[PDB]
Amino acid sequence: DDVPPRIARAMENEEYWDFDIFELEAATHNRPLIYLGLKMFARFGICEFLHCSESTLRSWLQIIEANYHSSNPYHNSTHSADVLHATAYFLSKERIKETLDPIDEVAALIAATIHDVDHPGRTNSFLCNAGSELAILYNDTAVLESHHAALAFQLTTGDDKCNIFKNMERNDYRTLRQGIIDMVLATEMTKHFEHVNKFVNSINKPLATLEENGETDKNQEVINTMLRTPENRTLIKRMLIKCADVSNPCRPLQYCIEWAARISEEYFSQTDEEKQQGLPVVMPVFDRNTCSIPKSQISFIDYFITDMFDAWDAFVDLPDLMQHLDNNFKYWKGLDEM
(Lines of atoms letter the chains of each structure in order from A and count residues from 1; the text may use other names and numbers.)
(Lines give C-alpha, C1' and ligand atoms only; values in the text may rest on other atoms or scores of the structure.)
Protein backbone atom coordinates (compact mmCIF):
# COMPACT_ATOMS: atom_id res chain seq x y z
CA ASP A 1 0.00 0.00 0.00
CA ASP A 2 2.54 2.57 1.24
CA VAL A 3 5.53 1.30 -0.75
CA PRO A 4 8.55 3.68 -0.79
CA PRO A 5 9.56 5.28 -4.14
CA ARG A 6 12.82 3.36 -4.86
CA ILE A 7 11.17 -0.02 -4.26
CA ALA A 8 8.02 1.19 -6.10
CA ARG A 9 10.07 2.30 -9.15
CA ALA A 10 12.05 -0.97 -9.02
CA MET A 11 8.76 -2.91 -9.46
CA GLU A 12 7.44 -0.90 -12.45
CA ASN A 13 7.55 -3.44 -15.32
CA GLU A 14 7.12 -6.66 -13.29
CA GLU A 15 4.87 -8.20 -16.00
CA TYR A 16 7.75 -7.95 -18.51
CA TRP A 17 10.52 -10.54 -18.86
CA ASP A 18 13.14 -7.77 -18.80
CA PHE A 19 13.15 -6.86 -15.10
CA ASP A 20 15.94 -5.44 -12.93
CA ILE A 21 15.83 -7.91 -10.01
CA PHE A 22 19.14 -6.68 -8.48
CA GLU A 23 17.98 -3.05 -8.41
CA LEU A 24 15.00 -4.39 -6.38
CA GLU A 25 17.44 -6.33 -4.14
CA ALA A 26 19.50 -3.15 -3.67
CA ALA A 27 16.33 -1.07 -3.15
CA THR A 28 14.76 -3.44 -0.61
CA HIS A 29 18.06 -4.10 1.28
CA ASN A 30 17.99 -7.86 0.72
CA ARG A 31 14.19 -7.98 1.16
CA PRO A 32 12.95 -8.41 -2.47
CA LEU A 33 10.63 -11.39 -1.78
CA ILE A 34 8.25 -9.49 0.56
CA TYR A 35 7.76 -6.49 -1.79
CA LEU A 36 7.65 -8.51 -5.04
CA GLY A 37 5.49 -11.13 -3.26
CA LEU A 38 2.84 -8.61 -2.13
CA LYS A 39 2.41 -7.16 -5.64
CA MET A 40 2.27 -10.55 -7.40
CA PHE A 41 -0.03 -12.18 -4.80
CA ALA A 42 -2.32 -9.13 -5.09
CA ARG A 43 -2.11 -9.16 -8.92
CA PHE A 44 -3.13 -12.86 -8.98
CA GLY A 45 -5.50 -12.42 -6.00
CA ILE A 46 -4.01 -15.18 -3.86
CA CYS A 47 -5.33 -14.12 -0.42
CA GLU A 48 -8.71 -13.47 -2.11
CA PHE A 49 -8.65 -17.18 -3.11
CA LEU A 50 -7.13 -18.41 0.19
CA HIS A 51 -9.35 -16.11 2.34
CA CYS A 52 -6.35 -14.66 4.25
CA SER A 53 -5.90 -10.98 5.08
CA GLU A 54 -3.20 -8.66 3.71
CA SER A 55 -1.63 -8.59 7.22
CA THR A 56 -1.34 -12.42 7.34
CA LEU A 57 0.42 -12.35 3.93
CA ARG A 58 2.98 -9.72 5.09
CA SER A 59 3.86 -11.80 8.17
CA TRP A 60 4.08 -14.92 5.95
CA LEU A 61 6.47 -13.37 3.39
CA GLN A 62 8.56 -11.94 6.28
CA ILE A 63 9.21 -15.20 8.18
CA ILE A 64 10.07 -17.09 4.96
CA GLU A 65 12.36 -14.29 3.69
CA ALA A 66 14.03 -14.23 7.13
CA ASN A 67 14.95 -17.92 6.72
CA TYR A 68 16.67 -17.15 3.38
CA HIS A 69 20.37 -16.65 4.22
CA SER A 70 21.85 -13.29 3.05
CA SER A 71 25.38 -14.79 3.24
CA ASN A 72 24.53 -17.27 0.43
CA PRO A 73 25.67 -15.68 -2.87
CA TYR A 74 23.07 -17.39 -5.10
CA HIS A 75 20.59 -19.30 -2.91
CA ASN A 76 19.07 -16.36 -1.01
CA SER A 77 15.72 -14.45 -1.09
CA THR A 78 16.66 -12.61 -4.33
CA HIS A 79 16.97 -15.96 -6.14
CA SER A 80 13.44 -16.90 -4.96
CA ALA A 81 12.19 -13.43 -5.97
CA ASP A 82 13.69 -14.12 -9.43
CA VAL A 83 12.11 -17.61 -9.54
CA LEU A 84 8.79 -16.09 -8.32
CA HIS A 85 8.99 -13.53 -11.14
CA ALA A 86 9.68 -16.21 -13.81
CA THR A 87 6.85 -18.38 -12.41
CA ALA A 88 4.31 -15.53 -12.59
CA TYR A 89 5.43 -14.71 -16.16
CA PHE A 90 4.81 -18.34 -17.22
CA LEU A 91 1.42 -18.37 -15.45
CA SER A 92 0.50 -15.13 -17.26
CA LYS A 93 1.12 -16.74 -20.71
CA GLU A 94 -1.94 -17.86 -22.70
CA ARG A 95 -1.08 -21.59 -22.97
CA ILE A 96 -0.68 -21.89 -19.18
CA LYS A 97 -3.73 -19.64 -18.54
CA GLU A 98 -6.01 -21.86 -20.69
CA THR A 99 -4.61 -25.18 -19.31
CA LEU A 100 -4.07 -24.87 -15.53
CA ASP A 101 -6.80 -23.98 -13.00
CA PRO A 102 -6.72 -21.19 -10.32
CA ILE A 103 -5.57 -23.68 -7.61
CA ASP A 104 -2.48 -24.51 -9.72
CA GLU A 105 -1.56 -20.80 -10.14
CA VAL A 106 -1.64 -20.43 -6.33
CA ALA A 107 0.43 -23.62 -5.92
CA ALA A 108 2.97 -22.34 -8.47
CA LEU A 109 3.42 -18.90 -6.92
CA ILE A 110 3.60 -20.34 -3.38
CA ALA A 111 6.00 -23.11 -4.52
CA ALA A 112 8.32 -20.55 -6.17
CA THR A 113 8.44 -18.47 -2.96
CA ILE A 114 9.39 -21.38 -0.65
CA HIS A 115 11.32 -23.81 -2.93
CA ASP A 116 14.82 -23.00 -1.48
CA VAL A 117 13.92 -21.74 2.04
CA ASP A 118 16.76 -22.28 4.55
CA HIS A 119 19.24 -23.34 1.83
CA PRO A 120 22.75 -23.74 3.38
CA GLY A 121 24.58 -22.73 0.15
CA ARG A 122 25.47 -26.43 -0.20
CA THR A 123 24.25 -29.34 -2.37
CA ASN A 124 22.47 -32.55 -1.26
CA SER A 125 25.57 -34.74 -1.84
CA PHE A 126 27.69 -32.45 0.39
CA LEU A 127 25.22 -32.96 3.25
CA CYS A 128 25.06 -36.75 2.69
CA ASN A 129 28.87 -37.03 2.69
CA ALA A 130 29.22 -34.62 5.65
CA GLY A 131 26.61 -36.55 7.70
CA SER A 132 24.50 -33.43 8.21
CA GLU A 133 21.46 -33.26 10.53
CA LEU A 134 19.14 -32.87 7.52
CA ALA A 135 20.91 -35.62 5.51
CA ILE A 136 20.37 -37.98 8.46
CA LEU A 137 16.80 -36.61 8.85
CA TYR A 138 15.78 -37.25 5.20
CA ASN A 139 17.93 -40.40 4.74
CA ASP A 140 20.11 -39.04 1.88
CA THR A 141 17.07 -38.68 -0.40
CA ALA A 142 15.77 -35.24 -1.48
CA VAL A 143 17.46 -33.75 1.59
CA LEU A 144 17.25 -30.04 0.75
CA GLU A 145 14.03 -30.34 -1.30
CA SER A 146 12.10 -32.02 1.52
CA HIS A 147 13.56 -29.65 4.15
CA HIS A 148 12.41 -26.57 2.18
CA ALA A 149 8.79 -27.72 1.87
CA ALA A 150 8.62 -29.22 5.39
CA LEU A 151 10.05 -26.10 7.08
CA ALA A 152 7.94 -23.82 4.84
CA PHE A 153 4.77 -25.44 6.26
CA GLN A 154 6.20 -25.62 9.83
CA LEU A 155 6.67 -21.82 9.71
CA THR A 156 3.31 -21.17 7.96
CA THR A 157 0.78 -23.26 9.91
CA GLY A 158 2.67 -23.67 13.22
CA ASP A 159 2.10 -19.98 14.04
CA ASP A 160 -1.36 -18.35 13.73
CA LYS A 161 0.01 -14.98 12.56
CA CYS A 162 1.80 -16.55 9.54
CA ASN A 163 -0.88 -19.13 8.59
CA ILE A 164 -2.13 -18.06 5.12
CA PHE A 165 -3.95 -21.44 4.85
CA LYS A 166 -6.01 -20.96 8.08
CA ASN A 167 -9.31 -19.92 6.43
CA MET A 168 -9.19 -22.63 3.70
CA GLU A 169 -11.49 -25.64 3.45
CA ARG A 170 -9.73 -28.91 4.45
CA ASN A 171 -10.46 -30.55 1.07
CA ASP A 172 -9.09 -27.58 -0.94
CA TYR A 173 -6.00 -27.14 1.28
CA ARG A 174 -5.24 -30.89 1.06
CA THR A 175 -5.11 -30.54 -2.75
CA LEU A 176 -3.11 -27.28 -2.63
CA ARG A 177 -0.64 -28.70 -0.06
CA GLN A 178 -0.03 -31.81 -2.19
CA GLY A 179 0.42 -29.59 -5.29
CA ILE A 180 2.96 -27.28 -3.61
CA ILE A 181 4.92 -30.25 -2.15
CA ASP A 182 5.10 -31.84 -5.61
CA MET A 183 6.28 -28.57 -7.23
CA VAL A 184 8.93 -28.00 -4.52
CA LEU A 185 10.18 -31.64 -4.67
CA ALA A 186 10.25 -31.51 -8.51
CA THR A 187 13.19 -29.04 -8.36
CA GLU A 188 15.65 -31.80 -7.27
CA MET A 189 18.69 -32.18 -9.55
CA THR A 190 18.75 -36.00 -9.65
CA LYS A 191 15.18 -36.18 -11.11
CA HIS A 192 15.98 -33.74 -14.00
CA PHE A 193 15.63 -36.01 -17.06
CA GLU A 194 12.64 -37.93 -15.63
CA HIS A 195 10.57 -34.72 -15.54
CA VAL A 196 11.79 -33.54 -18.99
CA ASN A 197 11.06 -36.91 -20.64
CA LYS A 198 7.61 -37.08 -19.00
CA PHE A 199 6.75 -33.59 -20.30
CA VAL A 200 7.77 -34.20 -23.93
CA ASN A 201 6.25 -37.72 -24.14
CA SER A 202 2.85 -36.79 -22.65
CA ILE A 203 2.38 -33.13 -23.74
CA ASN A 204 4.58 -32.07 -26.69
CA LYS A 205 4.42 -35.30 -28.74
CA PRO A 206 0.63 -35.85 -28.28
CA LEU A 207 -0.09 -32.13 -28.89
CA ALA A 208 2.09 -32.38 -32.02
CA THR A 209 0.13 -35.51 -33.06
CA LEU A 210 -3.17 -33.59 -32.65
CA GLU A 211 -1.87 -30.79 -34.95
CA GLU A 212 -2.04 -33.33 -37.86
CA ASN A 213 -5.69 -32.21 -38.30
CA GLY A 214 -4.99 -28.52 -37.60
CA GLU A 215 -7.56 -26.33 -35.84
CA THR A 216 -10.87 -28.26 -35.92
CA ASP A 217 -13.53 -27.49 -33.28
CA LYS A 218 -13.94 -31.16 -32.26
CA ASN A 219 -10.13 -31.51 -32.31
CA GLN A 220 -9.53 -28.35 -30.20
CA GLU A 221 -11.81 -29.65 -27.41
CA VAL A 222 -9.87 -32.96 -27.56
CA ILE A 223 -6.65 -30.90 -27.24
CA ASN A 224 -8.31 -29.13 -24.29
CA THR A 225 -9.52 -32.44 -22.76
CA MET A 226 -6.14 -34.21 -22.88
CA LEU A 227 -3.91 -31.39 -21.53
CA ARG A 228 -6.24 -30.21 -18.72
CA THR A 229 -6.34 -33.66 -16.98
CA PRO A 230 -5.09 -33.93 -13.33
CA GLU A 231 -1.99 -35.91 -14.40
CA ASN A 232 -0.96 -33.64 -17.31
CA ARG A 233 -1.41 -30.47 -15.20
CA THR A 234 1.01 -31.90 -12.60
CA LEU A 235 3.59 -32.42 -15.41
CA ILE A 236 3.22 -28.80 -16.59
CA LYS A 237 3.58 -27.69 -12.95
CA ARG A 238 6.80 -29.75 -12.68
CA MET A 239 8.06 -28.29 -15.99
CA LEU A 240 7.14 -24.67 -15.11
CA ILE A 241 8.87 -24.78 -11.68
CA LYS A 242 11.92 -26.49 -13.23
CA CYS A 243 12.20 -23.85 -15.97
CA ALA A 244 11.52 -20.91 -13.61
CA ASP A 245 14.12 -22.18 -11.11
CA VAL A 246 16.91 -22.26 -13.73
CA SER A 247 15.73 -19.36 -15.93
CA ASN A 248 18.93 -17.28 -15.48
CA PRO A 249 20.57 -18.38 -18.78
CA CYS A 250 17.39 -17.08 -20.53
CA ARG A 251 17.72 -13.61 -18.89
CA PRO A 252 19.18 -10.32 -20.21
CA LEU A 253 22.98 -10.58 -20.56
CA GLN A 254 23.89 -8.60 -17.40
CA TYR A 255 21.59 -10.64 -15.12
CA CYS A 256 22.77 -13.94 -16.68
CA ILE A 257 26.39 -12.97 -15.89
CA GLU A 258 25.48 -11.82 -12.35
CA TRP A 259 23.59 -15.09 -11.70
CA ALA A 260 26.51 -17.03 -13.26
CA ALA A 261 29.00 -15.53 -10.77
CA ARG A 262 26.78 -16.09 -7.70
CA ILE A 263 26.13 -19.80 -8.30
CA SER A 264 29.82 -20.28 -9.26
CA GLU A 265 31.10 -18.49 -6.10
CA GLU A 266 28.77 -20.78 -4.10
CA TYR A 267 30.28 -23.96 -5.65
CA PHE A 268 33.85 -22.71 -5.14
CA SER A 269 33.07 -22.09 -1.46
CA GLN A 270 31.74 -25.66 -1.11
CA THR A 271 34.80 -27.09 -2.92
CA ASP A 272 37.16 -25.09 -0.66
CA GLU A 273 35.26 -26.47 2.37
CA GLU A 274 35.23 -30.05 0.94
CA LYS A 275 39.05 -30.18 0.70
CA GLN A 276 39.45 -28.44 4.10
CA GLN A 277 37.25 -30.94 6.00
CA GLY A 278 38.55 -34.02 4.11
CA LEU A 279 35.28 -34.67 2.25
CA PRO A 280 35.07 -36.43 -1.15
CA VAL A 281 34.91 -33.89 -3.99
CA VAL A 282 31.42 -34.11 -5.56
CA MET A 283 31.81 -31.18 -8.00
CA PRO A 284 35.57 -31.14 -8.78
CA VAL A 285 35.30 -28.96 -11.93
CA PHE A 286 33.89 -26.11 -9.78
CA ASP A 287 37.08 -25.02 -8.00
CA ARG A 288 37.98 -21.31 -7.95
CA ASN A 289 41.59 -22.18 -8.91
CA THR A 290 40.70 -24.22 -12.07
CA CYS A 291 37.13 -23.37 -13.21
CA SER A 292 36.44 -21.41 -16.40
CA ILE A 293 33.02 -19.86 -15.74
CA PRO A 294 32.32 -19.15 -19.48
CA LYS A 295 33.12 -22.77 -20.43
CA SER A 296 31.25 -24.08 -17.36
CA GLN A 297 28.10 -22.10 -18.29
CA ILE A 298 28.24 -23.48 -21.86
CA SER A 299 28.38 -27.04 -20.45
CA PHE A 300 25.54 -26.27 -18.01
CA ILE A 301 23.42 -24.83 -20.85
CA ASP A 302 24.26 -27.81 -23.12
CA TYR A 303 23.42 -30.46 -20.53
CA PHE A 304 20.35 -29.09 -18.68
CA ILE A 305 18.93 -25.96 -20.32
CA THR A 306 18.84 -26.39 -24.12
CA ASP A 307 16.57 -29.47 -24.26
CA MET A 308 14.37 -28.38 -21.31
CA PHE A 309 13.62 -24.84 -22.52
CA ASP A 310 13.23 -26.11 -26.12
CA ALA A 311 10.52 -28.51 -24.89
CA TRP A 312 8.99 -25.73 -22.75
CA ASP A 313 9.17 -23.10 -25.53
CA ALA A 314 7.37 -25.34 -28.05
CA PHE A 315 4.48 -25.60 -25.55
CA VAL A 316 4.25 -22.00 -24.24
CA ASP A 317 5.96 -19.94 -27.03
CA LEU A 318 8.82 -17.91 -25.52
CA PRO A 319 10.56 -15.94 -28.33
CA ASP A 320 12.15 -13.44 -25.89
CA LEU A 321 13.62 -16.13 -23.56
CA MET A 322 15.10 -18.25 -26.38
CA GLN A 323 16.60 -15.17 -28.10
CA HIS A 324 18.36 -14.39 -24.78
CA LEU A 325 19.46 -18.05 -24.59
CA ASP A 326 21.05 -17.59 -28.05
CA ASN A 327 22.69 -14.24 -27.16
CA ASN A 328 23.97 -15.40 -23.75
CA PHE A 329 25.35 -18.67 -25.19
CA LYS A 330 27.15 -16.69 -27.91
CA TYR A 331 28.61 -14.29 -25.28
CA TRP A 332 30.04 -17.15 -23.16
CA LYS A 333 31.55 -18.59 -26.38
CA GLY A 334 33.15 -15.22 -27.23
CA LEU A 335 35.05 -14.90 -23.90
CA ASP A 336 37.76 -17.47 -24.84
CA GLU A 337 39.68 -14.84 -26.88
CA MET A 338 42.59 -17.29 -27.40
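Between two forms, the rigid core is the largest collection of C-alphas that superpose within 1.5 Å. Numbers for residues come from their place in the sequence shown, where the first is 1.
In a rigid core superposition of the other structures in 8 other deposited structures of this protein, 195 to 203 and 211 to 219 differ in how far their CA atoms stray, and the farther one is 211 to 219. With 178 to 186 and 209 to 217 compared on mean CA B-factor from the PDB entry, the stretch scoring higher is 209 to 217. Look at the mean CA B-factor for 93 to 101 and for 250 to 258 in the entry; the higher one is 93 to 101. Which of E194, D116, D82, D159 has the largest Cα B-factor in the deposited entry comes down to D159. When the C-alpha B-factors of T229, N129, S202, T87 are ranked from the entry, the top spot goes to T229. Among the modelled residues of the chain, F300 sits in the lowest third by CA temperature factor in this PDB entry. Compared with the other modelled residues of the chain, the Cα B-factor recorded for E133 ranks in the middle third.
Among all modelled residues in this chain, the alpha-carbon of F315 has a temperature factor (C-alpha) in the lowest third. Remark: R170 belongs to the highest third of its chain, ranked by C-alpha B-factor as recorded. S71: CA B factor lies in the middle third for its chain, per the PDB record.
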